[PDB]
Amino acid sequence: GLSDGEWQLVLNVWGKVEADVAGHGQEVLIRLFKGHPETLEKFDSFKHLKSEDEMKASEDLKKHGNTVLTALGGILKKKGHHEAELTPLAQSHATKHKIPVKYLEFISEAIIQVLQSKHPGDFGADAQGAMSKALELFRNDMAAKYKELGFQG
């Protein structure tokens, strides 16, 4: 875990995302698709997008962006007590979506890149380090759920 002080820095930076969830959501997915093109192959719905301008115009890529960050905000707010919010996500992603754990790592980096690009003034050394342990915790718990569902990539 994170210390009480580290969860506080995490919740505080999250207050910035919550002031514009779909806009931050939309940039996280463009960063991911631009950055690791191969993750795009998992979305039937989006494989047609051939460029950043097309991804930027997609009202559906923006609604999916919103859904991902709304679901991640619900986990973060539990501060580590997220079993229940997490199980269902580990079940769909392992079994239905078939998302390997390095892909969870690539989205973690897109989230940090977005926070840094849009809130540099608020996203200092300290907030950067808490945010990154908070996302490694999420990944590590998801990978553990994977293993007991008996899968794993």
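Numbering starts at 1 and runs along the sequence shown.
When 58 to 66 is weighed against 95 to 103, 95 to 103 comes out higher, by mean CA B-factor as recorded in the entry.
The PDB entry reports B-factors from which the mean C-alpha value can be compared for 43 to 51 and 119 to 127; the larger average falls on 43 to 51. Taking the deposited Cα B-factors for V10, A144, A19, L135, the highest one is held by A144. Residue-level temperature factors show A110 in the lowest third of its chain, judged at the C-alpha atom. Looking at the C-alpha B-factors along this chain, the one for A84 belongs to the highest third.
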